[PDB]
Amino acid sequence: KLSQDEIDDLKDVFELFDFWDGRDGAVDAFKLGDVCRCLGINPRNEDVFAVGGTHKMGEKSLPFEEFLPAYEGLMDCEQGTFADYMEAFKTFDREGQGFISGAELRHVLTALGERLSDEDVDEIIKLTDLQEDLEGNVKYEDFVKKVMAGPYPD
Amino acid sequence: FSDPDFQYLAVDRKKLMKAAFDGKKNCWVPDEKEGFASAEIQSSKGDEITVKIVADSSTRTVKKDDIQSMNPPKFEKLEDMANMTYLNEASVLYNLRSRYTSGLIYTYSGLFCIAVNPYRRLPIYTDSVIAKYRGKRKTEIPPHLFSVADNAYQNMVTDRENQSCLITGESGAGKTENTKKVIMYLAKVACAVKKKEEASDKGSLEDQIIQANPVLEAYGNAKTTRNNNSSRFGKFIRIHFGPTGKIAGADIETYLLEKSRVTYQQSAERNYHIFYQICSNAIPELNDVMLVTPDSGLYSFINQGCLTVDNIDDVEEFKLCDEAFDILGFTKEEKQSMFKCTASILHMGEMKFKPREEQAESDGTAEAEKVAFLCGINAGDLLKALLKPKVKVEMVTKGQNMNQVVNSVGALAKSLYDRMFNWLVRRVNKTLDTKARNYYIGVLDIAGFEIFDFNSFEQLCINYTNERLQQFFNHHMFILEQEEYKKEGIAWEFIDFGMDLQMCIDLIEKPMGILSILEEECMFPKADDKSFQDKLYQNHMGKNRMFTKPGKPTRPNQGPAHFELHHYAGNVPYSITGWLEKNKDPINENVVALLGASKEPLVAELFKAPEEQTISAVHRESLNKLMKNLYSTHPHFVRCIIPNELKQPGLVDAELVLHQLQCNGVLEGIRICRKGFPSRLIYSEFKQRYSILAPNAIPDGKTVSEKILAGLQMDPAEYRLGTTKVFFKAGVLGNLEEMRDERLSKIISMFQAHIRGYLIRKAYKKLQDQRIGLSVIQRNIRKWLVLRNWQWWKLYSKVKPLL
Amino acid sequence: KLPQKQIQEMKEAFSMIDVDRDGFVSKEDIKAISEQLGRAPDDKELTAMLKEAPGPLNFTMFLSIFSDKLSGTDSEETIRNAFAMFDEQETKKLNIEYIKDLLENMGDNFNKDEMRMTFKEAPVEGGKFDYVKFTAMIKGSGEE
Ligand SMILES: [Ca+2]
Ligand SMILES: [Mg+2]
Ligand SMILES: [Mg+2]
């Protein structure tokens, strides 16, 4: 149930992506969700994978009219809350004082769910700026909120 | 710390943790030559799955009703099994099979503490280990038999009450040697004085409680196909302490001795060791006193089965045995009186007798003369009283035939040896019976509920006892569970603790009952097996649900059967053929006299006639005692299990183990807890393992648990709220586990994704920029190409040169 | 369109192409001036560059053909930056293969030709393609 403006804003993304791989009314399937995120959604490979998304670059293209439904599909998805997140990190917190082994964080993130590439990780840790204190652990609580606040704060 | 005194006990926590487990995939599938098997779930054509075998990596057909839940790796070689998420027939055969192979033989299961038969000695029983187990609570220290005992004692003192320790289990399971290690322990922690002397200890009751086992093992043990020093008899052995908590005195009490053994010995077997120590010439001075020629090969009552035994030195065991008799204070008159009585049996087997003249004569007196001398009776009066007896009434003078006589000569031995054995328990019971009663700790060591190919009167007696002894645990459990619930304001009103056990039990011991019947059909002359059965069938066949008829014998190498009984471990088919004989063991009501009027102090004592007794009636009577007693105790249960028919360490055999596990008690023990509410976390330990299962619910302990549960649409008839612990119905923790895991991954994926989203959103502000930048470049290069290829320009910039 | 520098220039240009010196652009110009340093456009190409302009194309209708022909242009500064939105380290050089793919597969995609023509002389050096110079080039400042 997209507003004409919401769908209007959807065009814009699809338009900037159609370009970055060839201005021709289409968008490599393998961007479907990178296009989805740009609007605010928070897909998951599988989510995206289940609506037409492909694995490799150049195995399908998508005219917006067909890309659109691909999007509305991923709008009725699970977009985990703070409590979910927290409890997931909490399980790793051994003591309970809110802290985690730098490796863990990376480990968890790269070993759990299917993936998140170390590169992608270094990018976010550096990006968000979550640094482990003089010990070698860190308060993930004040990190989650970062990954949730998004690149541009308030 | 690392005290290499746990080597064969503990199991490294870290070095053990150092796989990937799919609850939705990993399971157990029945196996014909391994009992169970690990596998991975592939598909489901409803009520019929298909799976892969991790082992040989293949595929097979399994009804979705036969697969059993598999515990993650985190329950590898798990000290106490009443803790594994999935506790099933197979999940246990794994922890038992898994542990045993690492070297460990001590695994708990709630009340139980199973002991697998190591087929090799171990460092675990050394005195240093003993200091470690001193006083420590079962949890705070590896499973082990010393813990079972040290606790009993600690409880006897603390609780101020009779602690019993019934050890059951199949033949060659380790119970005999265990009852020792429990005994060779209690001593070490409740001895005379270890503080404040030179000319002190002048004997020691310990030395006796110990030195006793030999005189017994000598007449109660033997070499059978599963030839340990086969405790061919069962023994209840109480232990008494003083008001300071120290060993005072002890006593024996035995059950069912294989009397049928004295005169017969199956393939590759012998007779109670003793007969092989006499004919050992280990102590010549006596060969005359008994009148034997040191070669077993000679005596007919012992040269039926084999004679030699690998680890046994018939000629050493005699030496010690004698010493054993001495360290006990057996007077020469006695010590010798016994041997006379013993050797005199060999000779009975050496007395043979000589178509129309029905009544048989003897074929020489030689031995008959030796049987008389050894027993102090008239060789004539004996042979005469045998061939032609005179039983009471105007008494008659019944006659016997060649067979009728060989049959009584055997009944003589059989009934002597049995009389003998009894007297022996009594005598030692006398020694150790030091005059001094605070309390006590008993220990049981009888056969176990064993089901065989061919089941007869013997299997009956045995399974009956265990039947009675099983009903014991059940009740014990009952009271215990109830206390828990009540102690947790969760009280439930279930009742029937000891179930149909009563049915099959009373259907045996009660008035109209079997043996109850069997015992009457013994006092009726012309009554054969057919005579029996018809009444046995009439009375109960068709009129009861615990008494039925033989089923599907798909095990070709099986034995016959008549009736079948619904015993807990399984509906055991039986075969009355014999019973009338096996029960009322005869003897010359005439010749007993002589032996009672012998001149030897012993023999005489042996056959003193109840002046001024069927196998079943005795046993049943001696069993109420045991029971009445056991119920006046505080049980502990040591379940022993043989791993293979090869006495090879580390070699398991699922058919056997399982087989055992069923009639063992660990199974019917598990299912009795099923109907209640097993696995139970504490509202805190709980609230920390599943707070991620209802994240939106949390705004302590019983507060959150009350919320995460509700938050999951948790079925009431599935859990009950304790006051300190949250109770859960069997296997429901398995569901909240799988559920828990899928949910963790999902939540992490959400996060992960949210990150990716995070990045992109950031790189957005640039692709909007760059786009434009590349919008220029591309276009401005076309212009450069178009223009640098025109004419108006190649003709315009063609004049600048002169501008 | 090009203010004064080209203003005092354009003058002598058409003037130095046009053979009959009348101020009125014709075709006799592109007939004798052409063979000044190459091959004169042939009959067809002469009419094509004269037909592209309707009406009196003699430095009146002519100052409007170069207008819309070049009007769609951007700075020497504007492109110098444009190329830079791909240089966050400021090495004043985009890698070569990167830019090739960048012009070859994203946006208005270049075809074997457009590309062949471009990098035909592109200011490359040891892997680093100099966007800064290439720029001066396309404009005129550079070595063209
Ligand atoms: Ca495209
Ligand atoms: Mg034994
Ligand atoms: Mg002209």
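The rules we used
- Residues numbered from 1 in each chain as written, not as in the entry; some residues may be left out.
- Chains lettered and ligands numbered in written order.
- Heavy atoms only, no water.
- Residues with missing side-chain atoms left out of burial classes, pairs and counts.
- Helix = DSSP H or I, 4+ residues; strand = E, 2+ residues; numbered from the N terminus.
- Rg over C-alpha atoms; globule rule 2.2 N^0.38 Å.
- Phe/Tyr/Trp six-rings, centres within 6.5 Å; stacked < 30°, edge-to-face > 60°.
- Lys NZ or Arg CZ within 6 Å of the ring centre and 35° of its normal.
- Contact = heavy atoms within 4.5 Å.
- Nonpolar A, V, L, I, M, F, W, Y, C, P; charged D, E, K, R; others polar.
- UniProt positions renumbered as here; feature names shortened; annotations may be inferred.
- Domains from an automatic or database assignment.
- Pairing = 2+ DSSP bridges.
- Axes fitted to C-alpha atoms, helices over the stretch in contact; angles between N-to-C directions.
- Parallel < 35°, antiparallel > 145°, perpendicular 65-115°, else oblique.
- Left-handed = near helix turned anticlockwise from the far one by under 90°.
- Polar contact = N/O pair within 3.5 Å; in protein donor to acceptor, adjacent residues only side chain to side chain.
- Salt bridge = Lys/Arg side-chain N within 4 Å of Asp/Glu carboxyl O.

Its PDB record attributes the structure to X-ray crystallography, giving the resolution as 3.20 Å.

Here the focus is the overall build of chain C. Helix and strand counts for chain C come out as 8 helices and 3 strands. Each helix (α) and strand (β) of chain C, taken in turn from the N terminus, gives the series α-α-α-α-α-β-α-α-β-β-α. By the compact-globule yardstick of 15 Å for 144 residues, chain C is too spread out, its C-alpha radius of gyration being 20 Å. Dimensions along the principal axes, computed over C-alpha positions, put chain C at roughly 55 × 30 × 25 Å.

Moving on: the packing of aromatic side chains. The interplanar angle of 40° and the centroid separation of 6.1 Å between the aromatic rings of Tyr219 of chain B and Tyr417 of chain B together place this pair among those described as tilted. Consider the rings of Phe83 of chain C and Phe134 of chain C, whose centres lie 5.9 Å apart with planes at 70°: the pair is edge-to-face. Here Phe83 of chain C is found in the loop between α5 (76-82) and β1 (94-95), whereas its partner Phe134 of chain C is found in helix α8 (residues 131-139), with 51 residues between them in sequence. Taken together, the aromatic side chains of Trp790, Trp792, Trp793 and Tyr796 of chain B together with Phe14, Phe59, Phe62 and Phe66 of chain C make up a single cluster linked through ring pairs. The residue whose ring lies beneath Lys181 of chain B is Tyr125 of chain B, and the NZ or CZ to ring-centre distance is 3.5 Å.

What follows is about the interface of chain A and chain B. On the side of chain B, 30 residues touch chain A, which itself brings 47 residues to the contact. Looking at the side of chain A that touches chain B residue by residue, the class counts come to 25 nonpolar, 9 polar and 13 charged.

In this section: the UniProt feature "binding site: ATP" in chain B. All names here are of chain B. Within the UniProt annotation, "binding site: ATP" is assigned to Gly169, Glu170, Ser171, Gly172, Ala173, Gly174, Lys175 and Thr176. Along the chain, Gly169 falls in strand β9 (residues 167-169). Inspection of the secondary structure assignment puts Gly174 in the loop between β9 and α5 (175-186). Excluding residues within four positions of it along the chain, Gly174 makes contact with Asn117 and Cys640.

This part is about the domain arrangement of chain C. Here chain C is partitioned into domain 1 (2-71) and domain 2 (72-139). Just the C-alpha atoms count here: the centres of domain 1 of chain C and domain 2 of chain C sit 32 Å apart.

Let's shift gears to the domain arrangement of chain B. Residue and element names in this part refer to chain B. Its domain assignment divides chain B into domain 1 (19-70), domain 2 (71-264 + 438-451 + 636-676), domain 3 (265-437 + 585-612), domain 4 (452-584 + 613-635) and domain 5 (677-729). Centre-to-centre, using C-alpha coordinates, domain 4 lies 43 Å away from domain 5. With 6 residues of domain 4 in contact, the opposing surface of domain 5 contributes 9 residues.

Residues and elements named next belong to chain B. Taken together, the 4 strands give an open sheet; going across it, the order is β8-β14-β11-β12, and neighbouring strands pair in mixed fashion. The strands lining the two open edges of the sheet, one partner per strand, are β8 (163-164) and β12 (247-250). Relative to strand β14 (residues 439-442), strand β11 (residues 239-241) runs antiparallel, the two sharing 2 bridges. Bridge pairing in β14 links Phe241 to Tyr439.

Right, let's get into the packing of helix α14 (residues 457-487) of chain B against helix α21 (residues 615-630) of chain B. All names here are of chain B. One way to put it is that α14 packs onto α21 with a least axis distance of 11 Å and a crossing angle of 20°. Regarding the angle of α14 to α21, the classification is roughly parallel. As for how α14 packs across α21, the hand of that crossing is right-handed. Contacts between α14 and α21 pair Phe457, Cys461, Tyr464, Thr465, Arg468, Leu469 and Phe472 from the former with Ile615, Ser616, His619, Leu623, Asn624, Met627 and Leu630 from the latter. Classifying every residue of the contact of α14 with α21 by side-chain character gives 9 nonpolar, 4 polar and 1 charged.

We now examine the environment of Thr110 of chain A. Residue and element names in this part refer to chain A. You can see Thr110 is positioned in helix α6 (residues 102-111). It is 16 Å that separates the C-alpha atoms of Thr110 and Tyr85, two residues lying 25 residues apart in sequence. The residues touching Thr110, leaving out its near neighbours within four places in the chain, are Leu116, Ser117, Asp118 and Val121.

Okay, the UniProt feature "binding site: Ca(2+)" in chain C next. Residue and element names in this part refer to chain C. Mapped onto the present numbering, the UniProt feature "binding site: Ca(2+)" falls at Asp18, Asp20, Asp22 and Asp29. Its location among the elements puts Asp18 in the loop between α1 (4-15) and α2 (29-32). In this structure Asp18 touches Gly23 and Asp29, once residues within four positions along its chain are discounted. Tracing the sequence through the fold places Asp29 in helix α2. A polar atom in the side chain of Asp29 sits 2.7 Å from the backbone nitrogen of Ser26.

Moving on to the pairing of strand β7 (residues 112-116) of chain B. All names here are of chain B. Pairing geometry for strand β6 (residues 106-109) and β7, over 4 bridges, is antiparallel. Paired with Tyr108 across the bridge in β7 is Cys113. Where β6 folds back on β7, the antiparallel hairpin that results is connected by 2 residues, among which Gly110 adopts a positive phi of roughly 70°. When β7 meets strand β18 (residues 638-641), the two strands line up parallel, connected through 3 bridges. Bridge pairing in β18 links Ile114 to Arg639.

The subject of this paragraph is the UniProt feature "domain: EF-hand" in chain C. Residue and element names in this part refer to chain C. Here the UniProt-annotated "domain: EF-hand" positions come out as residues 5-40 and 74-109. Helix makes up 42% of residues 5-40 and strand makes up 0%, while its end C-alpha atoms are separated by 27 Å. The distance separating the terminal C-alpha atoms of residues 74-109 is 20 Å; by composition the span is 44% helix and 6% strand.

With that out of the way, let us pick up the sheet that holds β7 of chain B. Residue and element names in this part refer to chain B. Spatial strand order, β6-β7-β18-β9: 4 strands in an open sheet with mixed pairing. A single partner strand is all that each edge strand has here, and the edge strands are β6 and β9. Mean inter-strand twist for the sheet, computed between neighbouring axes without regard to direction, equals 25°. Note: β9 against β18, 3 bridges, orientation parallel. Bridging across to β18, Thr168 finds its partner in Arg639.

On to the pairing of β12 of chain B. All names here are of chain B. With 2 bridges connecting them, β11 and β12 associate as antiparallel partners. Bridge pairing links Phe241 to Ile247 in β12. Adjacent in sequence and paired antiparallel, β11 and β12 are bridged by 5 residues, among which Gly245 carries a positive phi angle near 90°.

Pairs may arise between side chains of opposite charge once their charged atoms sit close together. Between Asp120 of chain A and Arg756 of chain B there is a salt bridge, and its shortest N-O distance comes to 3.5 Å. Here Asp120 of chain A, found in helix α7 (residues 118-129), pairs with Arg756 of chain B, found in helix α26 (residues 732-787), and the two come from separate chains. With its nearest N and O atoms 3.4 Å apart, the salt bridge here joins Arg468 of chain B to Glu509 of chain B. Remark: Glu509 of chain B occurs in helix α15 (residues 501-509) and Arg468 of chain B occurs in helix α14; sequence separation between them is 41 residues.

α26 of chain B packs onto helix α8 (residues 141-149) of chain A with a crossing angle of 50° between their chain directions and a minimal axis gap of 8 Å. Taken together, the axes of α8 of chain A and α26 of chain B are oblique relative to one another. Seen from α8 of chain A, the contacting residues are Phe143, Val144, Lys146, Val147 and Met148 of chain A; seen from α26 of chain B, they are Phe751, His754, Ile755 and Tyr758 of chain B. For the contact of α8 of chain A with α26 of chain B, the residue count by class is 7 nonpolar, 1 polar and 1 charged.

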